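Heads up, the thing below is written out as structure tokens.
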Amino acid sequence: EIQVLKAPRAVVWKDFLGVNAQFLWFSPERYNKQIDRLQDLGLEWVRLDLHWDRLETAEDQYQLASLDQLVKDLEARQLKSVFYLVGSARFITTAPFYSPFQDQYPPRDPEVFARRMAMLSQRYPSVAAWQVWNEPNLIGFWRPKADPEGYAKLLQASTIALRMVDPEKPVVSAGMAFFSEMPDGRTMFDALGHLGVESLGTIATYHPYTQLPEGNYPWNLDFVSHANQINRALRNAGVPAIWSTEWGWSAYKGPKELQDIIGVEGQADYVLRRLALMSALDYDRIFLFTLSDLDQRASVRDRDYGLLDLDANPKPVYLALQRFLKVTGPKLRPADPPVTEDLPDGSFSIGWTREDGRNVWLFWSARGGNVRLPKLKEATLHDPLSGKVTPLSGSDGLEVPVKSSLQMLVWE
Ligand SMILES: C[C@@H]1O[C@@H](O[C@H]2[C@H](O)[C@@H](CO)NC[C@@H]2O)[C@H](O)[C@H](O[C@@H]2O[C@H](CO)[C@@H](O)[C@H](O[C@@H]3O[C@H](CO)[C@@H](O)[C@H](O)[C@@H]3O[C@H]3O[C@H](CO)[C@@H](O)[C@H](O)[C@@H]3O)[C@@H]2O)[C@H]1O
Ligand SMILES: [Cl-]
Ligand SMILES: [Cl-]
Ligand SMILES: [Cl-]
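In the authors' numbering, the protein residues as written are 31 to 442.
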């Protein structure tokens, strides 16, 4: 069962591939070093989390100094930022008095939240887009149960308030967990659609984390199918844009909590394979989770999603992504794979052209094996995980080794 992808449009990495970032967890010295490493990749989009109960610690009493300095720094470094605000301040929460998760409940009055997003947008005009809440389909962000009507009211109040500040600035709806599935068996995209939320014209976004790059189980690699189905439905509903605001894997050692243990090399492999899929699907922009490893304030799994370690130095996934983007160059146009014979069962196959006009073939298969390219006499094979570069030549076609990990064939 071979999966061939051809992107719907050209991809310019600087415009398309952003990273999540937790810069408020770090000193400016440290986060500026993270930004150096991001710029070295040729990227500029960042997505940052804001927690209302950290920003407003009592009614009308705020802690803005670190955020003020961060926004100044992001503007000085010429990054493009989307910030999301999530959680309830203590004075406004619907949490019962005894809950240990006071901010994981929605606000008693959505207009109060809306006024804070307007205050942030007015304070920080350099921010490129504002996002309303996070994963409202997940209990840990919206207790005690998912509530499409409640989220729709929150998104409407926020959209109106943000547009009063700046009618041109994008309003991004919350990144939905997974493909927006809810515990009750509905999906938040379907439920919001039945409420007519598309009339608000917010950017739609979801967080399609799966165990493997191409699906959750080896016998059901349905990531492409599932993403295509959700993205077609969002386009049919008239969304202005589709982003994926989080995806990725943790290099953590364990103990296992949801994600299987794959380590730094598994992180590098899986991120590159998933990037090869998502950059050929119908997203306008995607954001890898996440730029940096985090300290003990994060959950054990959440500490190790970084491109960078705690010193802001490259992990294997950063070096692999760097090699991949150097091979592609800055802009890819959709193309077709080379003609193949005996491409292995289960292969993934994506063709592009680079700015120099040469073709790039991204391919892999769990079975490994070999493939014949009968019409080529010359090409170069790059393994972004190891850095190996292999010139291939044949009088009557090429034989190319296929790996479980992504390789890139560059050919004329
Ligand atoms: C960077 C990370 O991003 C988001 O989480 C990602 C997650 O990392 C990935 C991978 O697992 N999955 C998708 C998801 O989007 C969140 O922004 C994370 O922040 C959280 O935001 C919640 C809503 O504001 C907070 O409730 C949450 O707070 C933690 O709660 C756990 C218990 O569930 C505590 O163990 C932990 O200490 C945190 O609680 C402190 O902070 C709360 C928020 O200020 C306070 O209300 C609480 O009293 C504690 O001081 C977390 O902040 C984000 O980290
Ligand atoms: Cl942050
Ligand atoms: Cl915050
Ligand atoms: Cl060919």
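Beta carbons: idealized from backbone N, C-alpha and C, even for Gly.
Supposed close pair residue 376, residue 402 - CB separation, criterion 8 Å: Contact between residue 376 and residue 402 does not hold, since their C-beta atoms are separated by about 17 Å, which reaches or exceeds 8 Å.
Endpoints, beta strand (DSSP E) assigned at residue 438: According to the DSSP assignment, residue 438 belongs to the beta strand (DSSP E) that extends over 437 to 441.
Helix, strand or coil at residue 246 according to DSSP, with G and I counted as helix: In the three-state reduction of the DSSP assignment, residue 246 falls in the coil class.
Ranges of the beta strand (DSSP E) found wholly within the stretch 49 to 120, counting only runs of at least 3: Within the stretch 49 to 120, the complete beta strand (DSSP E) runs of at least 3 residues are 75 to 81, 86 to 88 and 110 to 116.
Straight-line Cα distance separating residue 346 from residue 337: Looking at the two C-alpha atoms, the distance is approximately 8 Å.
Per-residue DSSP class, three states only, for residue 393: Under the three-state reduction of DSSP, residue 393 is assigned to strand.
Sub-8 Å separation of residue 380 and residue 298 beta-carbons: Annotated as distal: residue 380 and residue 298, with beta-carbon spacing of 8 Å or more.
8 Å contact criterion, which residue 205 and residue 164 should meet: CB distance rounded: Residue 205 to residue 164, Cβ: 6 Å. Contact.
Range covered by the beta strand (DSSP E) that runs through residue 362: Where residue 362 is concerned, the enclosing beta strand (DSSP E) starts and stops at 361 to 365.
Cβ-Cβ distance between residue 278 and residue 301 below 8 Å: For the 8 Å CB-CB criterion, residue 278 and residue 301 form a contact.
7 Å CB neighbourhood of residue 166 in its chain, flanking five on each side removed: Same-chain partners within the cutoff: 172, 176, 181, 204 and 218.
Whole-number beta carbon distance between residue 288 and residue 331, since they are thought to touch under 8 Å: Contact holds; Cβ gap of about 7 Å.
contact_flag[the stretch 232 to 250, the stretch 266 to 284] where n(CB pairs < 8 Å) is 3 or more: Touching, per the Cβ criterion.
Residue 134, buried or exposed, once every other Cβ within 10 Å from all chains shown has been counted against 16: Its Cβ being crowded by 16 or more others within 10 Å, residue 134 is buried.
Residue 240, buried or exposed, once every other Cβ within 10 Å from all chains shown has been counted against 16: Buried is the call here.
Reduced DSSP secondary structure (H/G/I, E/B, other) of residue 400: Residue 400 sits in a strand when the DSSP states are folded into three classes.
Enclosing beta strand (DSSP E) for residue 413 [first to last residue]: That run of the beta strand (DSSP E) goes 408 to 413.
Meets three-Cβ-pair contact criterion under 8 Å: the stretch 116 to 131 and the stretch 87 to 104: The answer is yes - the stretch 87 to 104 touches the stretch 116 to 131, with three or more Cβ pairs under 8 Å.
Counted within 10 angstroms of its Cβ, other Cβ atoms place residue 170 as buried (16 or more) or exposed: Residue 170 is exposed by the Cβ-count criterion.
For residue 54 and residue 386, the rounded distance between their alpha carbons: Using only the alpha carbons, I get a separation of about 40 Å.
Assigned exposure category for residue 282 - 16 Cβ within 10 Å defines buried: With 16 or more Cβ atoms within 10 Å of its Cβ, residue 282 is classed as buried.
Uninterrupted alpha helix (DSSP H) stretches inside the stretch 188 to 221 (no shorter than 4 residues): Within the stretch 188 to 221, no complete alpha helix (DSSP H) run reaches 4 residues.
Of the listed residues 111, 105 and 107, nearest to residue 47 (C-alpha basis): Among 111, 105 and 107, the Cα nearest to that of residue 47 is on 111.
Sequence ranges, beta strand (DSSP E) only - wholly within the stretch 113 to 175, length at least 3: List check, beta strand (DSSP E) in window: 159 to 162.
Given 8 Å, three or more beta-carbon pairs between the stretch 357 to 374 and the stretch 314 to 322: No, the stretch 357 to 374 is not in contact with the stretch 314 to 322.
Test item, CB below 5 Å from any non-hydrogen atom of ligand 3: In chain order, the hits are 80, 81 and 84.
Residue 78 beta carbon near ligand 2 (any heavy atom closer than 7 Å): Yes, since a heavy atom of ligand 2 falls inside the 7 Å radius drawn around the Cβ of residue 78.
Identity of the residue in 304, 231, 253 and 334 nearest residue 285 by Cα: Of the listed residues, the one whose Cα sits closest to residue 285 is 334.
For ligand 4, residues whose Cβ lies under 5 Å from any non-hydrogen atom: Matched residues: 368, 369 and 405.
Cβ neighbour criterion (16 or more within 10 Å) applied to residue 244: Buried, since its Cβ has 16 or more Cβ neighbours within 10 Å.
Status (buried if at least 16 other CB within 10 Å, exposed otherwise) for residue 40: Result: exposed.
Residue 147 beta carbon less than 8 Å from that of residue 157: Not closer than 8 Å, so no.
Contact set for residue 367: own chain, Cβ-Cβ below 6 Å, skip 5 residues either direction: Within the same chain, residue 367 has close Cβ partners 379, 381 and 391.
beta-carbon residue 276 near ligand 1 non-hydrogen atom, thresh 7 Å: True, at least one ligand heavy atom lies under 7 Å from that Cβ.
Run of the beta strand (DSSP E) containing residue 274, from where it starts to where it stops: Counting along the chain, the unbroken beta strand (DSSP E) around residue 274 starts and ends at 272 to 274.
Presumed contact (8 Å Cβ cut-off) between residue 67 and residue 348, rounded CB distance: At roughly 7 Å, the Cβ-Cβ gap stays under 8 Å, so residue 67 and residue 348 are in contact.
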